[PDB]
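Some notes on the structure that comes next.
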Amino acid sequence: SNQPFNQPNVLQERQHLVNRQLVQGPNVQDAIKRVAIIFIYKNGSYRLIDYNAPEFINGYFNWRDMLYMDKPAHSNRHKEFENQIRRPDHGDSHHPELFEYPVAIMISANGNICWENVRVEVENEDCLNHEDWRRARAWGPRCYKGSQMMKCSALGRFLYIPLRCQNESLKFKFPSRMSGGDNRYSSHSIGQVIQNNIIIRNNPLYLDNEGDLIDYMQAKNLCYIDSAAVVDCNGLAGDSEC
Amino acid sequence: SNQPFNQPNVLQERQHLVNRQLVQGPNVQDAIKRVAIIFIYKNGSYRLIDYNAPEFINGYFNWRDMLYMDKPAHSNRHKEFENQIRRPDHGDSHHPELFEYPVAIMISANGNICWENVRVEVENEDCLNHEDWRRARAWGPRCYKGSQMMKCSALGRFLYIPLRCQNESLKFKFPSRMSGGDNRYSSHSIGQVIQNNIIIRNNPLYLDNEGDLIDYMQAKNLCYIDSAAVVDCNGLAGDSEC
Amino acid sequence: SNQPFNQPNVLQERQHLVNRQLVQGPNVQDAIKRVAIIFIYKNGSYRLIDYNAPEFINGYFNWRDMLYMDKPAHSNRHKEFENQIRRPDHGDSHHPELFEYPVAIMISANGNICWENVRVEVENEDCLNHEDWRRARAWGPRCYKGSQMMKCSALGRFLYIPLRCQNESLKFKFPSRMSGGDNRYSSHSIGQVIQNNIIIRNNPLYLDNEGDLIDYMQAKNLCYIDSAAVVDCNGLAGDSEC
Ligand SMILES: O=c1ccn([C@@H]2O[C@H](COP(=O)(O)OP(=O)(O)OP(=O)(O)O)[C@@H](O)[C@H]2O)c(=O)[nH]1
Ligand SMILES: O=c1ccn([C@@H]2O[C@H](COP(=O)(O)OP(=O)(O)OP(=O)(O)O)[C@@H](O)[C@H]2O)c(=O)[nH]1
Ligand SMILES: O=c1ccn([C@@H]2O[C@H](COP(=O)(O)OP(=O)(O)OP(=O)(O)O)[C@@H](O)[C@H]2O)c(=O)[nH]1
């Protein structure tokens, strides 16, 4: 007799592990986490700031950092508006709003992130969470938390923030999960955590429309929910029906 | 009989606690600390940089960071002056001094700060505290300390630094006090300290004159001693005579 | 009798200790470490960024940070090129290469540095070490290590990096050695390490030619190997033949 039906089936498995690798890769300690801060402007276009780090992504946008471009030609206008906002009434500023101050923020946070410890806070013009610094803290009662970000998958969550005023700024923290109960802020591991956490702030990108934006998010595999509330990217691997 | 003289006196106490709150609020762990770095220029006006953080405010101004505005129209002039200063004699620079290099620094430090551990250092053109980097350290023997800052109150101290040259830069550290003997750089607390310490550097503000400056310091409740050595703001709460 | 041949010989020793001081000075804990990142451009000139810190020098250059000057007059060109590079094909960019993107990097690292823990990595256009962020880590398999930097002396090593493409960026880490087996990331010492590590990024300097560059490196006593592979500066003290 003879048994010729021994076609190997390792290929299926190799591809399968490549698929799992993309989903589990982010969960290895010192794997990269990736956050996209996306501002929407009055011209309907976007400015996207891409962050990555292996321990935690924190940072801020002061009031000035919120603006669309802030070119030399508009520096005086922006200076005076900033004066009026951050020190009324000392700005030679003649309009209630700037064309270049955003109308909303979208945040795509991706990776092995401790959602419980995530903080996203819309601060005032001095980047504080209280009117008086003497009552301000690291984070306040109006802070956004991880569970408030819309879940796209196990890898990514997405937050929408309307800006109904033009005096606000932004402060955020997206920290890694540890490996089980191993706190790497222990003496064994903390030196490496501190020295490895180089928080990359890539130069802001300008995207004309939401089609181009969806394309970017899908290209970089960062989760995105479009203006119609449809999840177009969730950070996960491609697959066919099970 | 009847006892109609029972007018409540809780109101006095409520206001009183609001007053104490502003003075004690800064002393809660993870309360915000606030520092204003103020440069004075040859046009008699000011450039103010507002910092806040919950663990410690450190940072620096390299030589270029010292300048008033540094607009594109003056970029070449400033580049060449920087060359001559930081690498003599390689600058096509034709004047001993720049109009836009400051003549003095004022620092208003406010909050629950460990004054013993405060460091403010006027560095050389390479932002080092010795002529030769091989003898330079984190801090040097000419470093300003907390006790050298003029005390305005329990909440705030104020330092004046004359700049008699135009080759100097700045490095500083304003760290929080701990709660008694609880070192939060212990393994229990340090992760939070590190991830919470997002040092906000607000965009520099331009203030025309000292009247406008006093107004700002009083509005933001940051301590200030004016050019006549009078304490105009001390970070404390308003009150009537005791 | 009389013994008039008692000419003192302390002077020799005083100078000798001054010489040793420059070589050993960097090895005191909290002594400064100094790193020069030097880019070479298509006009044959250099842009040098001078860093110093007492605990560790880490940082990065995102893609935009790589460019020579990036003046307002060339902002549009640079924006569009960045678009095409970081999000193809969304840049209105008409040339394969920019005049202002560097052709090589030279890194002079100097001081009491733990060469074993040094990391210098040429990242892609998103400043990641893998094509897909989900497989990216703090550092990757193509990372440069301390032993790959050409040794100039006990104080300094020098690395050359050719840039054969124009999509790459940079991330680096140069950490201090500890005093023997005393890990200052222990609870006793870590607060000071964290608060003292103010990583100075001096404004980029523009140097016309290699003669001017050699002069700078020798003036600042940072190690340098010239285009002919000759060590012109090694960070050590001057001396006569032994
Ligand atoms: O960030 C921005 C940028 C531009 N702009 C808008 O650009 C326009 C350019 O200014 P104008 O076109 O109105 O010229 P102008 O000299 O009359 O300016 P003002 O009298 O208003 O000072 C201004 O009217 C302003 O509203 C903003 O409001 N915000
Ligand atoms: O930061 C600054 C800004 C401006 N300035 C001053 O602005 C003035 C503008 O320069 P000028 O008005 O003298 O024109 P110019 O072409 O003659 O310039 P030079 O011959 O001096 O190169 C210069 O004389 C300079 O002293 C500074 O010195 N420092
Ligand atoms: O970073 C830089 C800076 C300058 N340049 C170069 O400067 C030159 C200035 O551009 P041109 O002198 O070609 O004028 P132009 O209006 O024809 O520009 P294009 O048609 O090429 O858009 C361009 O040809 C560009 O190649 C760079 O390529 N990269």
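Chain lettering (A, B, ...) mirrors the order of the structure tokens, residue numbering begins at 1 for each chain separately, and ligand numbering begins at 1 in order of display.
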What do you get as a PyMOL selection string if you pick all residues at most 10 Å from ligand 2, counting only C-alpha atoms and all ligand atoms?
-> chain B and resi 42+67-71+73-78+81+92-102
Would you give me, as a short mmCIF file (atom, residue, chain, number, x, y, z; two decimals) with N, CA, C and O atoms, in the first residue's frame, the residues of chain B that come within 9 Å of chain A, using only C-alpha atoms?
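Saved file part-v4.cif follows:
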```
data_model
loop_
_atom_site.label_atom_id
_atom_site.label_comp_id
_atom_site.auth_asym_id
_atom_site.auth_seq_id
_atom_site.Cartn_x
_atom_site.Cartn_y
_atom_site.Cartn_z
N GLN B 21 -7.97 77.32 51.39
CA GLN B 21 -7.86 76.41 50.26
C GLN B 21 -6.84 76.88 49.23
O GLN B 21 -6.07 76.09 48.70
N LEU B 22 -6.84 78.18 48.95
CA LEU B 22 -5.92 78.75 47.97
C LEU B 22 -4.48 78.71 48.48
O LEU B 22 -3.54 78.61 47.69
N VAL B 23 -4.32 78.79 49.80
CA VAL B 23 -2.99 78.77 50.40
C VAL B 23 -2.49 77.35 50.64
O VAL B 23 -1.29 77.08 50.54
N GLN B 24 -3.41 76.43 50.94
CA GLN B 24 -3.04 75.05 51.23
C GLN B 24 -3.21 74.13 50.02
O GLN B 24 -2.60 73.06 49.95
N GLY B 25 -4.04 74.56 49.07
CA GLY B 25 -4.27 73.79 47.86
C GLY B 25 -2.98 73.34 47.19
O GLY B 25 -2.87 72.19 46.77
N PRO B 26 -2.01 74.25 47.06
CA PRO B 26 -0.72 73.91 46.45
C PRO B 26 0.08 72.84 47.19
O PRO B 26 1.02 72.29 46.61
N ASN B 27 -0.28 72.53 48.43
CA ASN B 27 0.51 71.61 49.25
C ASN B 27 0.02 70.16 49.21
O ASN B 27 0.64 69.28 49.82
N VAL B 28 -1.09 69.91 48.52
CA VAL B 28 -1.55 68.55 48.29
C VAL B 28 -0.59 67.88 47.31
O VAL B 28 -0.16 68.51 46.34
N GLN B 29 -0.25 66.62 47.56
CA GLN B 29 0.65 65.91 46.65
C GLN B 29 0.03 65.84 45.26
O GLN B 29 -1.16 65.57 45.10
N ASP B 30 0.86 66.10 44.25
CA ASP B 30 0.43 66.20 42.86
C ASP B 30 -0.35 67.49 42.56
O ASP B 30 -0.98 67.62 41.51
N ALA B 31 -0.29 68.45 43.48
CA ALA B 31 -0.76 69.79 43.19
C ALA B 31 0.22 70.42 42.20
O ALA B 31 1.39 70.03 42.15
N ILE B 32 -0.25 71.38 41.42
CA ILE B 32 0.59 72.02 40.42
C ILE B 32 1.56 73.03 41.04
O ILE B 32 1.22 73.73 41.99
N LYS B 33 2.77 73.07 40.49
CA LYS B 33 3.73 74.12 40.80
C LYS B 33 3.84 75.00 39.58
O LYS B 33 3.68 74.52 38.46
N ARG B 34 4.09 76.29 39.77
CA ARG B 34 4.10 77.24 38.66
C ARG B 34 5.28 78.20 38.72
O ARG B 34 5.51 78.87 39.74
N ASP B 50 5.82 80.77 30.89
CA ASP B 50 5.05 80.22 32.00
C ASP B 50 5.13 78.69 32.03
O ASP B 50 4.73 78.03 31.07
N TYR B 51 5.64 78.15 33.13
CA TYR B 51 5.80 76.71 33.30
C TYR B 51 4.87 76.19 34.38
O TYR B 51 4.61 76.87 35.38
N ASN B 52 4.37 74.97 34.21
CA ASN B 52 3.69 74.27 35.30
C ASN B 52 3.94 72.77 35.25
O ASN B 52 4.12 72.18 34.18
N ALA B 53 3.98 72.15 36.43
CA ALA B 53 4.16 70.70 36.54
C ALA B 53 3.82 70.26 37.96
O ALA B 53 3.89 71.05 38.90
N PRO B 54 3.42 68.99 38.12
CA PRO B 54 3.02 68.49 39.44
C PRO B 54 4.15 67.84 40.25
O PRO B 54 3.99 67.71 41.46
N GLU B 55 5.25 67.45 39.61
CA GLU B 55 6.36 66.83 40.34
C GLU B 55 7.58 67.75 40.43
O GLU B 55 8.08 68.03 41.51
N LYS B 71 13.08 86.56 14.54
CA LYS B 71 12.26 86.44 13.34
C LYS B 71 13.11 86.09 12.12
O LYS B 71 14.32 86.32 12.12
N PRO B 72 12.47 85.55 11.07
CA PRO B 72 13.17 85.22 9.83
C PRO B 72 14.01 86.38 9.29
O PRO B 72 15.10 86.15 8.76
N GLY B 111 4.63 77.59 44.67
CA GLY B 111 4.06 76.30 45.01
C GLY B 111 4.82 75.59 46.11
O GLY B 111 5.71 76.15 46.75
N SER B 186 10.30 56.35 45.69
CA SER B 186 10.25 54.96 46.10
C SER B 186 9.51 54.15 45.05
O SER B 186 8.82 54.71 44.20
N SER B 187 9.66 52.83 45.10
CA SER B 187 9.08 51.95 44.09
C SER B 187 7.55 52.00 44.05
O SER B 187 6.94 51.71 43.02
N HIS B 188 6.93 52.35 45.18
CA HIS B 188 5.47 52.41 45.25
C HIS B 188 4.89 53.53 44.40
O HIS B 188 3.80 53.41 43.84
N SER B 189 5.63 54.63 44.30
CA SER B 189 5.06 55.89 43.85
C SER B 189 5.72 56.48 42.61
O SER B 189 5.19 57.40 41.98
N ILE B 190 6.89 55.96 42.25
CA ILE B 190 7.75 56.62 41.27
C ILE B 190 7.19 56.57 39.84
O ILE B 190 7.33 57.53 39.09
N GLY B 191 6.55 55.46 39.48
CA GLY B 191 5.93 55.35 38.17
C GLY B 191 4.99 56.52 37.91
O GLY B 191 5.01 57.15 36.85
N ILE B 194 6.89 59.95 37.52
CA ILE B 194 7.53 60.07 36.22
C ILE B 194 6.51 60.36 35.11
O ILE B 194 6.72 61.25 34.29
N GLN B 195 5.42 59.61 35.10
CA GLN B 195 4.43 59.71 34.03
C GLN B 195 3.54 60.95 34.18
O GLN B 195 2.98 61.43 33.21
N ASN B 196 3.42 61.45 35.41
CA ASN B 196 2.61 62.64 35.66
C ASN B 196 3.37 63.93 35.40
O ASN B 196 2.76 64.98 35.18
N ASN B 197 4.70 63.88 35.42
CA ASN B 197 5.48 65.10 35.29
C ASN B 197 5.63 65.51 33.83
O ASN B 197 6.67 65.31 33.21
N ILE B 198 4.55 66.08 33.30
CA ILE B 198 4.55 66.69 31.99
C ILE B 198 4.80 68.18 32.19
O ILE B 198 3.90 68.93 32.56
N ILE B 199 6.05 68.59 31.97
CA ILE B 199 6.45 69.97 32.22
C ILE B 199 5.96 70.87 31.09
O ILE B 199 6.48 70.84 29.98
N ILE B 200 4.93 71.66 31.38
CA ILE B 200 4.35 72.55 30.39
C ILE B 200 5.22 73.78 30.20
O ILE B 200 5.49 74.51 31.15
N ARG B 201 5.66 74.01 28.97
CA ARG B 201 6.30 75.26 28.60
C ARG B 201 5.35 76.02 27.70
O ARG B 201 5.26 75.75 26.50
N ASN B 202 4.60 76.95 28.28
CA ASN B 202 3.67 77.77 27.52
C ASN B 202 4.44 78.70 26.59
O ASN B 202 5.59 79.05 26.87
N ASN B 203 3.82 79.08 25.47
CA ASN B 203 4.48 79.95 24.51
C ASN B 203 4.88 81.26 25.17
O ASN B 203 4.14 81.79 25.99
N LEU B 205 5.22 84.95 26.24
CA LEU B 205 4.34 86.10 26.13
C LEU B 205 5.16 87.38 26.10
O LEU B 205 6.20 87.48 26.75
N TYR B 206 4.68 88.36 25.34
CA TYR B 206 5.36 89.65 25.25
C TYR B 206 4.56 90.73 25.95
O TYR B 206 3.42 91.01 25.59
N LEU B 207 5.17 91.32 26.97
CA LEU B 207 4.53 92.35 27.78
C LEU B 207 5.29 93.67 27.63
O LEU B 207 6.50 93.72 27.86
N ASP B 212 1.87 96.35 32.94
CA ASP B 212 1.20 95.20 32.35
C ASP B 212 1.70 93.90 32.99
O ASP B 212 0.95 92.94 33.15
N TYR B 216 -0.33 91.04 35.15
CA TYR B 216 -0.29 89.61 34.82
C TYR B 216 0.02 88.76 36.06
O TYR B 216 -0.66 87.78 36.33
N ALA B 219 -2.86 88.74 38.32
CA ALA B 219 -3.95 87.96 37.74
C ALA B 219 -3.72 86.46 37.90
O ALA B 219 -4.65 85.71 38.20
N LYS B 220 -2.48 86.03 37.69
CA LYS B 220 -2.14 84.61 37.76
C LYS B 220 -1.71 84.22 39.18
O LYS B 220 -1.44 83.05 39.45
N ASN B 221 -1.65 85.20 40.07
CA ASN B 221 -1.22 84.97 41.44
C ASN B 221 0.14 84.28 41.52
O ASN B 221 0.31 83.27 42.20
N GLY B 235 1.47 85.47 46.04
CA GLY B 235 0.89 84.16 45.83
C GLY B 235 -0.20 83.79 46.82
O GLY B 235 -0.89 82.79 46.65
#
```
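For range 150-205 of chain B, a DSSP pass over the backbone yields helix (DSSP H, G or I) at residues 190, 191, 192, 193, 194, 195 and 196 of chain B.
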What residues in range 89-142 of chain B get the DSSP label strand (DSSP E)? Please answer as a PyMOL selection string.
-> chain B and resi 104-110+119-123
